[PDB]
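Note that each Cβ is placed from the backbone with ideal geometry, even for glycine, and that neighbours are counted across all protein chains shown. Just so it is clear, none of the values below were taken in a lab; they were calculated from the coordinates.
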Number of protein chains: 2
Amino acid sequence: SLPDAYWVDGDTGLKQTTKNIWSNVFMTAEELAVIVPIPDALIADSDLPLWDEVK
Amino acid sequence: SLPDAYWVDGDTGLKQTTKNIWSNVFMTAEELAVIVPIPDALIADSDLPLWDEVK
């Protein structure tokens with residue numbers, strides 16, 4: 001919020017009051033993940049280096 | 001106001017007379033003001049310099 005101001009009615013006009021306000025804002029971390037399983041025989045027999053190719 | 005001039009009817013016609021006017025304009029000062037009240041407890045408790053924030 002923001003404060004006000006007001007016009008005074010003459011040399012002895014009664015002055016007025018105001019207030020300011022604040023609030024909170026947030027951020028939340030979340031997780032994503034996956035698994036890729038491979039037979040150890042297929043890792044050895046392949047000429048393509050499958051771990052470096054899936055990364 | 002502005003003065004006149006007049007065409008004169010021949011070599012020996014009577015010349016006429018004219019005059020100016022002036023007046024006044026005014027500007028008046030007026031007041032705007034406000035009050036911000038805060039408890040002594042909040043000025044001590046809070047870590048924000050709370051009078052310097054509202055100015």
Note to self: Given the condition within 18 Å of residue A:22 (Cα to Cα) and polar (S, T, N, Q), answer yes or no: does some residue in the range B:34-49 qualify?
What the structure shows: yes
Check: Which of the residues that make up the range A:24-55 are among the charged types (D, E, K, R) and either assigned to a loop (DSSP other than H, G, I, E, B) or within 14 Å of chain B (Cβ to nearest Cβ) (or both)?
Finding: A:30, A:31, A:47, A:55
Notebook entry, point to check: Hey, among the residues in the range A:1-10 that are assigned to a loop (DSSP other than H, G, I, E, B) and facing chain B (nearest Cβ under 7 Å), which one's farthest from residue B:52 (Cα to Cα)?
Noted result: A:8
Next item on the list: Search the range A:11-23 for residues that are more than 8 Å from chain B (Cβ to nearest Cβ) and part of a loop (DSSP other than H, G, I, E, B) and pair each with any residue that is of a type in the set (A, V, I, L, M, F, W, C) and surrounded by 11 or more Cβ atoms within 10 Å (Cβ to Cβ) when their beta-carbon atoms are under 9 Å apart and the residues are at least 6 apart or on different chains.
Entry: A:14/A:8
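Anything in the range A:9-55 that is surrounded by 10 or more Cβ atoms within 10 Å (Cβ to Cβ) and closer than 29 Å to residue B:42 by Cα? List them, or say none.
Just the residues of the range A:9-55 that are surrounded by 10 or more Cβ atoms within 10 Å (Cβ to Cβ), to begin with: A:9, A:13, A:15-20, A:38, A:43, A:46, A:50.
Selection gives A:15, A:16, A:17, A:18, A:19, A:20.
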